[PDB]
$ cat data-v7.txt   # compact mmCIF, C-alpha atoms and all ligand atoms
# COMPACT_ATOMS: atom_id res chain seq x y z
CA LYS A 1 33.69 60.22 94.98
CA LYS A 2 36.95 59.62 97.06
CA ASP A 3 38.97 60.32 100.29
CA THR A 4 40.83 63.74 100.43
CA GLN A 5 43.82 64.35 102.82
CA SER A 6 44.92 67.56 104.74
CA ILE A 7 48.48 68.63 104.13
CA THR A 8 50.73 71.47 105.20
CA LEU A 9 52.37 74.12 102.94
CA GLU A 10 55.79 72.63 103.73
CA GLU A 11 54.40 69.33 102.41
CA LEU A 12 53.02 70.91 99.24
CA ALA A 13 56.50 72.28 98.57
CA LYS A 14 57.71 68.72 98.51
CA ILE A 15 54.94 67.50 96.16
CA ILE A 16 55.81 70.33 93.71
CA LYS A 17 59.58 69.59 93.94
CA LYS A 18 59.12 66.19 92.19
CA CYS A 19 56.97 67.74 89.42
CA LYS A 20 57.66 68.71 85.83
CA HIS A 21 54.45 70.32 84.59
CA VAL A 22 52.22 71.99 87.25
CA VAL A 23 48.96 73.81 86.34
CA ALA A 24 47.07 76.25 88.46
CA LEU A 25 43.32 76.56 88.27
CA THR A 26 42.22 79.82 89.91
CA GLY A 27 38.90 81.32 91.08
CA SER A 28 37.92 84.65 92.75
CA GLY A 29 39.52 83.72 96.12
CA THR A 30 42.94 84.68 94.60
CA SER A 31 41.78 88.28 94.01
CA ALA A 32 40.22 88.71 97.47
CA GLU A 33 43.45 90.02 99.03
CA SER A 34 43.62 92.36 96.12
CA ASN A 35 40.39 93.95 97.36
CA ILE A 36 37.54 92.34 95.40
CA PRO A 37 35.11 90.32 97.56
CA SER A 38 34.47 86.68 96.61
CA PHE A 39 31.58 86.10 99.06
CA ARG A 40 29.45 88.28 96.68
CA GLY A 41 26.62 88.19 99.23
CA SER A 42 28.64 90.39 101.63
CA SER A 43 27.13 93.77 102.53
CA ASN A 44 30.67 95.02 103.29
CA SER A 45 31.00 95.52 99.53
CA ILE A 46 30.10 96.66 96.02
CA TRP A 47 28.08 93.59 94.88
CA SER A 48 25.48 95.14 97.25
CA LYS A 49 24.57 98.28 95.13
CA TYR A 50 23.75 95.99 92.22
CA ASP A 51 21.45 93.07 91.55
CA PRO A 52 23.53 90.07 90.36
CA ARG A 53 20.37 88.80 88.57
CA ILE A 54 20.78 91.78 86.21
CA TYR A 55 24.54 92.54 85.82
CA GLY A 56 25.67 88.94 86.03
CA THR A 57 23.54 87.42 83.24
CA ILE A 58 23.20 87.76 79.47
CA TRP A 59 19.39 88.35 79.79
CA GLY A 60 20.49 91.21 82.04
CA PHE A 61 22.91 92.65 79.58
CA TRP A 62 20.30 92.94 76.83
CA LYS A 63 17.76 94.62 79.04
CA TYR A 64 20.05 96.89 81.04
CA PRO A 65 23.41 96.93 79.18
CA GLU A 66 24.58 99.93 81.31
CA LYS A 67 24.67 97.79 84.47
CA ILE A 68 27.65 95.53 83.97
CA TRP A 69 29.55 98.63 82.89
CA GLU A 70 28.63 100.45 86.16
CA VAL A 71 29.91 97.58 88.19
CA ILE A 72 33.17 97.37 86.37
CA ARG A 73 33.54 101.12 86.58
CA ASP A 74 32.84 101.30 90.39
CA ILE A 75 35.15 98.43 91.21
CA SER A 76 37.91 100.03 89.17
CA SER A 77 37.38 103.51 90.45
CA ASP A 78 36.64 102.87 94.06
CA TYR A 79 39.22 100.26 95.13
CA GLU A 80 42.99 99.91 95.29
CA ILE A 81 43.66 96.86 93.12
CA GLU A 82 47.17 95.49 93.14
CA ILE A 83 48.94 92.21 92.64
CA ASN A 84 49.30 90.41 95.99
CA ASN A 85 51.92 87.97 97.45
CA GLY A 86 50.10 84.92 96.13
CA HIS A 87 50.45 86.34 92.57
CA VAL A 88 54.13 86.89 93.18
CA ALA A 89 54.54 83.30 94.44
CA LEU A 90 52.88 81.91 91.28
CA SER A 91 55.12 84.03 89.15
CA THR A 92 58.22 82.69 90.99
CA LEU A 93 56.90 79.14 90.63
CA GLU A 94 56.89 79.67 86.82
CA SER A 95 60.40 81.22 86.95
CA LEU A 96 61.83 78.27 88.81
CA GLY A 97 60.51 76.04 86.09
CA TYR A 98 57.58 74.49 87.95
CA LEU A 99 54.37 76.27 86.85
CA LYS A 100 53.55 75.91 83.18
CA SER A 101 50.21 77.72 83.03
CA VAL A 102 47.30 79.28 84.76
CA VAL A 103 43.75 78.52 83.92
CA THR A 104 41.52 81.08 85.45
CA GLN A 105 37.94 82.20 85.92
CA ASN A 106 38.88 85.74 87.05
CA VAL A 107 38.45 88.58 84.57
CA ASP A 108 40.73 91.13 86.30
CA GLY A 109 44.06 90.50 84.64
CA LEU A 110 46.18 90.10 87.80
CA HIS A 111 47.97 86.83 86.96
CA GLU A 112 49.41 88.49 83.78
CA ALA A 113 50.20 91.70 85.59
CA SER A 114 52.46 89.57 87.97
CA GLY A 115 54.40 88.14 85.09
CA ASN A 116 52.62 84.86 84.19
CA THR A 117 53.08 84.02 80.54
CA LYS A 118 50.52 81.39 79.78
CA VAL A 119 47.26 82.56 81.33
CA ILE A 120 44.14 80.96 79.92
CA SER A 121 41.15 83.17 80.72
CA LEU A 122 38.11 81.01 80.57
CA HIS A 123 35.64 83.84 81.40
CA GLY A 124 37.46 86.44 79.35
CA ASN A 125 38.74 89.76 80.49
CA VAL A 126 37.59 93.20 81.47
CA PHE A 127 40.28 94.99 79.41
CA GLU A 128 38.54 94.40 76.11
CA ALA A 129 35.25 95.34 74.71
CA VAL A 130 33.43 94.11 71.63
CA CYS A 131 30.77 95.89 69.66
CA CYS A 132 27.81 93.61 69.69
CA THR A 133 26.68 94.60 66.32
CA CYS A 134 29.89 94.71 64.16
CA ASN A 135 32.37 92.72 66.39
CA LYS A 136 34.92 95.60 66.38
CA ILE A 137 37.25 94.91 69.35
CA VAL A 138 38.58 97.80 71.49
CA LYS A 139 41.46 97.32 73.89
CA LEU A 140 41.10 99.06 77.26
CA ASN A 141 43.40 99.54 80.28
CA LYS A 142 42.83 100.33 83.89
CA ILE A 143 42.87 104.10 83.35
CA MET A 144 40.04 103.87 80.74
CA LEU A 145 37.79 102.01 83.29
CA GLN A 146 37.96 104.97 85.76
CA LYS A 147 34.70 106.88 86.38
CA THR A 148 36.26 110.04 84.82
CA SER A 149 37.36 108.46 81.45
CA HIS A 150 35.79 109.62 78.23
CA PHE A 151 35.06 105.97 77.43
CA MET A 152 32.92 105.62 80.66
CA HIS A 153 31.22 109.01 80.16
CA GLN A 154 28.00 107.61 78.63
CA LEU A 155 26.95 104.04 79.37
CA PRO A 156 26.80 101.62 77.70
CA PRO A 157 29.63 102.88 75.45
CA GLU A 158 28.76 103.27 71.77
CA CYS A 159 30.54 102.09 68.57
CA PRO A 160 30.90 104.44 65.64
CA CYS A 161 28.78 101.85 63.69
CA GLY A 162 25.79 102.63 65.98
CA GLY A 163 25.93 99.44 68.06
CA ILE A 164 26.87 99.21 71.70
CA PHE A 165 30.00 97.86 73.40
CA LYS A 166 29.81 94.72 75.51
CA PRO A 167 32.71 93.73 77.87
CA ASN A 168 34.56 90.79 76.72
CA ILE A 169 33.70 88.54 79.66
CA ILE A 170 31.47 85.48 79.75
CA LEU A 171 28.28 86.11 81.69
CA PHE A 172 25.97 83.52 83.34
CA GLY A 173 23.91 81.96 80.54
CA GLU A 174 26.72 82.29 78.01
CA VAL A 175 28.97 79.69 76.54
CA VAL A 176 32.68 79.45 77.26
CA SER A 177 34.77 79.40 74.04
CA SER A 178 35.38 75.82 72.89
CA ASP A 179 38.89 76.76 71.67
CA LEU A 180 39.86 78.19 75.05
CA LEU A 181 38.52 75.03 76.75
CA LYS A 182 40.48 72.74 74.43
CA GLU A 183 43.52 74.81 75.42
CA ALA A 184 42.80 74.36 79.05
CA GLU A 185 42.02 70.68 78.55
CA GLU A 186 45.33 70.00 76.83
CA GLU A 187 47.33 71.82 79.44
CA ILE A 188 45.63 69.62 82.03
CA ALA A 189 46.14 66.55 79.80
CA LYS A 190 49.87 66.91 79.99
CA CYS A 191 50.18 67.98 83.55
CA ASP A 192 51.41 65.97 86.56
CA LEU A 193 49.84 68.23 89.29
CA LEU A 194 46.77 70.49 89.15
CA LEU A 195 46.62 73.26 91.78
CA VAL A 196 43.17 74.41 92.45
CA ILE A 197 43.30 77.72 94.23
CA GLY A 198 40.62 79.99 95.65
CA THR A 199 37.52 78.44 94.00
CA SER A 200 33.64 78.04 94.49
CA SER A 201 30.70 77.27 94.67
CA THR A 202 31.38 76.17 92.05
CA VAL A 203 30.48 77.29 88.55
CA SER A 204 30.17 74.62 85.88
CA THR A 205 33.48 75.78 84.45
CA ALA A 206 36.00 74.83 87.12
CA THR A 207 34.06 71.76 88.06
CA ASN A 208 33.95 70.30 84.58
CA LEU A 209 37.74 70.76 84.37
CA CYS A 210 38.32 68.92 87.64
CA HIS A 211 36.14 66.05 86.37
CA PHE A 212 38.37 66.09 83.29
CA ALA A 213 41.47 66.00 85.53
CA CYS A 214 40.04 62.86 87.25
CA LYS A 215 39.20 61.26 83.91
CA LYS A 216 42.88 61.79 83.07
CA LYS A 217 43.81 60.24 86.41
CA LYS A 218 45.66 63.41 87.50
CA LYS A 219 46.90 64.46 90.94
CA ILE A 220 44.81 67.37 92.41
CA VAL A 221 45.67 69.78 95.24
CA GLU A 222 43.20 72.41 96.59
CA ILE A 223 44.65 75.45 98.28
CA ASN A 224 41.72 77.00 100.06
CA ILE A 225 40.55 78.78 103.19
CA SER A 226 37.86 75.99 103.51
CA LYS A 227 36.36 72.70 102.12
CA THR A 228 34.67 73.01 98.72
CA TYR A 229 32.36 71.16 96.37
CA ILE A 230 35.24 68.94 95.17
CA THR A 231 36.73 68.20 98.58
CA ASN A 232 35.99 64.47 99.11
CA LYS A 233 34.70 64.16 95.57
CA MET A 234 37.68 65.08 93.33
CA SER A 235 40.72 66.52 95.19
CA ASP A 236 43.56 64.24 96.41
CA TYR A 237 44.90 66.71 98.97
CA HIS A 238 43.73 69.94 100.48
CA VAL A 239 45.80 72.73 102.07
CA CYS A 240 43.87 75.12 104.32
CA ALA A 241 45.48 78.44 103.49
CA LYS A 242 45.01 81.90 102.05
CA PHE A 243 46.22 82.46 98.53
CA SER A 244 49.06 84.64 99.81
CA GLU A 245 50.51 82.12 102.29
CA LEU A 246 51.70 80.57 99.10
CA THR A 247 54.90 82.72 99.27
CA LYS A 248 56.01 80.22 101.93
CA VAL A 249 55.91 77.53 99.27
CA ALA A 250 57.74 79.79 96.84
CA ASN A 251 60.33 80.57 99.60
CA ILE A 252 61.05 76.95 100.33
CA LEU A 253 61.49 76.28 96.59
CA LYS A 254 63.64 79.32 95.78
CA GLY A 255 66.17 78.72 98.63
CA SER A 256 66.46 75.08 97.69
CA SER A 257 67.10 76.46 94.17
CA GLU A 258 70.23 78.09 95.70
CA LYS A 259 71.80 74.63 95.71
CA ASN A 260 73.65 76.79 93.23
CA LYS A 261 77.06 77.69 94.62
CA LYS A 262 79.80 75.27 93.66
CA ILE A 263 80.66 72.94 96.45
CA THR B 1 27.20 72.94 75.71
CA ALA B 2 29.65 74.47 78.22
CA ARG B 3 27.23 77.10 79.57
CA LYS B 4 28.50 79.27 82.44
CA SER B 5 26.28 78.27 85.25
CA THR B 6 25.78 78.33 88.88
CA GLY B 7 27.07 75.16 90.57
ZN ZN C 301 30.04 98.34 65.82

$ encode --input "data-v7.txt" --output "structure tokens"
Amino acid sequence: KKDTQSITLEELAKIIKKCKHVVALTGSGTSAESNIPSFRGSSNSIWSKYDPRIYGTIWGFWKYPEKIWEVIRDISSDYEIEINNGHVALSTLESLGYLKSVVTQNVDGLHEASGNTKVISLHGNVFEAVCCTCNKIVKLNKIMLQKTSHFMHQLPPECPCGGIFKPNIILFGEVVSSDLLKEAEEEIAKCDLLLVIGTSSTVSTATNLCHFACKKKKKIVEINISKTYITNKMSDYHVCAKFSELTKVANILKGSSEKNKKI
Amino acid sequence: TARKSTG
């Protein structure tokens, strides 16, 4: 419980200029302008064909294991999914020596695709699959998630051993890997600014990490299109902005990096 | 227990 202040992007550029070890905590809002809706209750979207009480939960996987595959398949097949300007900005911010890692709840792989080098995926990742009898791992790529791939032909996909593949993502009701959390915790432990970008409503995961960042008396900035659970509880500043307006921050920091010519 | 849960 505490008093959050509104700041501009220009002003965030200045906060980041002083900093040696910035961390970004990212939620679905950073994939929205890549064409995947965060609302999730929108009817202008995919989440609509499918009951989130079934595909979203581990009870739902064991009863209807085809359903989370259908959802991943239709999102991959039916939408143009590309790195946006926000992802490019974060990649620059790493390049310039500011951003040390990204802790994320998205499962879509975009931060890596943009060139980030230390992405901690707390909810896992849609490009691997595990057999939930023998634990054989299978690596996948975008092209294998298409509706026409052999791997999608019969759902849920089947291991040679006779078991069934499960995506390697953490569903509601499951437990986030303690190792991955300790990783995220230590990256926060050493940081001097946490950027919390595109997150809600929340989920226990991001929240617990912000609590941890307060415990460690760390400086927190939200970049969001709106107030969130942690505004006025845990964030020190808040920037009202879309993930991709972040290239303005990257611009200000790159051109100041051109204090580079002699004299 | 760090269960993924709805906030
Ligand atoms: Zn198997």

$ atom_distance --input "data-v7.txt" --atom1 "atom CA of residue 205 of chain A" --atom2 "atom CA of residue 72 of chain A"
21.7 Å

$ residues_near_ligand --input "data-v7.txt" --ligand "ligand ZN 301 (chain C)" --cutoff "8 Å" --atoms "all atoms listed in the file" --output "ChimeraX atom specification"
/A:130-136,158-165

$ interface_residues --input "data-v7.txt" --of "chain A" --to "chain B" --cutoff "6 Å" --atoms "only C-alpha atoms" --output "number ranges by chain"
A: 172-176, 201-204

$ atom_distance --input "data-v7.txt" --atom1 "atom CA of residue 50 of chain A" --atom2 "atom CA of residue 65 of chain A"
13.1 Å

$ residues_around --input "data-v7.txt" --residues "residue 112 of chain A" --least-positions-apart "3" --cutoff "10 Å" --atoms "only C-alpha atoms" --output "list in words"
residues 83, 87, 91, 102, 108, 109, 115, 116, 117, 118, 119 and 120 of chain A

$ closest_residue --input "data-v7.txt" --among "A:209, A:54, A:99, A:193" --to "residue 71 of chain A" --atoms "all atoms listed in the file"
A:54

$ build_atoms --input "data-v7.txt" --residues "segment 136-160 of chain A" --atoms "N, CA, C and O atoms" --output "compact mmCIF listing (two decimals), keeping the file's coordinate frame"
# COMPACT_ATOMS: atom_id res chain seq x y z
N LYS A 136 33.67 94.81 66.19
CA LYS A 136 34.92 95.60 66.38
C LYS A 136 35.40 95.37 67.83
O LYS A 136 34.59 95.46 68.76
N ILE A 137 36.64 95.01 68.03
CA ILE A 137 37.25 94.91 69.35
C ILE A 137 37.99 96.20 69.71
O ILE A 137 38.71 96.75 68.88
N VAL A 138 37.88 96.64 70.98
CA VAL A 138 38.58 97.80 71.49
C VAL A 138 39.38 97.39 72.71
O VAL A 138 38.86 96.79 73.64
N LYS A 139 40.66 97.70 72.75
CA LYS A 139 41.46 97.32 73.89
C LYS A 139 41.30 98.44 74.94
O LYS A 139 41.24 99.61 74.61
N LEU A 140 41.26 98.09 76.21
CA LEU A 140 41.10 99.06 77.26
C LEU A 140 42.24 98.79 78.24
O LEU A 140 42.92 97.75 78.13
N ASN A 141 42.50 99.74 79.13
CA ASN A 141 43.40 99.54 80.28
C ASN A 141 42.74 100.16 81.49
O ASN A 141 41.63 100.72 81.40
N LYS A 142 43.38 99.99 82.63
CA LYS A 142 42.83 100.33 83.89
C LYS A 142 42.35 101.78 83.84
O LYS A 142 41.18 102.04 84.16
N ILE A 143 43.18 102.69 83.34
CA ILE A 143 42.87 104.10 83.35
C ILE A 143 41.60 104.42 82.58
O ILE A 143 40.86 105.32 82.96
N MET A 144 41.32 103.70 81.51
CA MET A 144 40.04 103.87 80.74
C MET A 144 38.75 103.35 81.46
O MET A 144 37.63 103.63 81.04
N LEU A 145 38.94 102.58 82.54
CA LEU A 145 37.79 102.01 83.29
C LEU A 145 37.39 102.91 84.45
O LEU A 145 36.36 102.67 85.04
N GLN A 146 38.21 103.95 84.74
CA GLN A 146 37.96 104.97 85.76
C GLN A 146 36.66 105.74 85.47
O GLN A 146 36.31 106.01 84.31
N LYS A 147 35.95 106.14 86.53
CA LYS A 147 34.70 106.88 86.38
C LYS A 147 34.80 108.18 85.57
O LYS A 147 33.79 108.63 85.04
N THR A 148 36.01 108.76 85.50
CA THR A 148 36.26 110.04 84.82
C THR A 148 36.70 109.89 83.34
O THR A 148 36.94 110.92 82.70
N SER A 149 36.83 108.64 82.82
CA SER A 149 37.36 108.46 81.45
C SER A 149 36.29 108.85 80.44
O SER A 149 35.13 108.84 80.72
N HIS A 150 36.72 109.29 79.28
CA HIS A 150 35.79 109.62 78.23
C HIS A 150 34.99 108.33 77.85
O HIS A 150 33.80 108.37 77.53
N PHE A 151 35.66 107.20 77.90
CA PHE A 151 35.06 105.97 77.43
C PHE A 151 33.88 105.56 78.35
O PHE A 151 32.90 105.11 77.84
N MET A 152 33.99 105.81 79.66
CA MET A 152 32.92 105.62 80.66
C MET A 152 31.88 106.77 80.69
O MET A 152 30.89 106.68 81.38
N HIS A 153 32.07 107.84 79.95
CA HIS A 153 31.22 109.01 80.16
C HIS A 153 29.71 108.69 79.95
O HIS A 153 28.86 109.16 80.72
N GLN A 154 29.39 107.89 78.95
CA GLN A 154 28.00 107.61 78.63
C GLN A 154 27.90 106.10 78.48
O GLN A 154 28.64 105.50 77.69
N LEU A 155 27.03 105.48 79.26
CA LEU A 155 26.95 104.04 79.37
C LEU A 155 25.62 103.53 78.83
O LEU A 155 24.60 104.17 79.04
N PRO A 156 25.63 102.39 78.13
CA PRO A 156 26.80 101.62 77.70
C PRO A 156 27.56 102.40 76.63
O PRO A 156 26.96 103.22 75.95
N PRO A 157 28.87 102.14 76.49
CA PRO A 157 29.63 102.88 75.45
C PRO A 157 29.14 102.51 74.06
O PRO A 157 28.62 101.40 73.87
N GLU A 158 29.42 103.36 73.07
CA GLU A 158 28.76 103.27 71.77
C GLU A 158 29.83 103.12 70.73
O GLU A 158 30.84 103.73 70.89
N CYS A 159 29.67 102.23 69.73
CA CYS A 159 30.54 102.09 68.57
C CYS A 159 30.15 103.21 67.60
O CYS A 159 28.95 103.58 67.51
N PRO A 160 31.16 103.69 66.86
CA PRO A 160 30.90 104.44 65.64
C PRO A 160 29.79 103.81 64.74
O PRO A 160 28.99 104.57 64.17
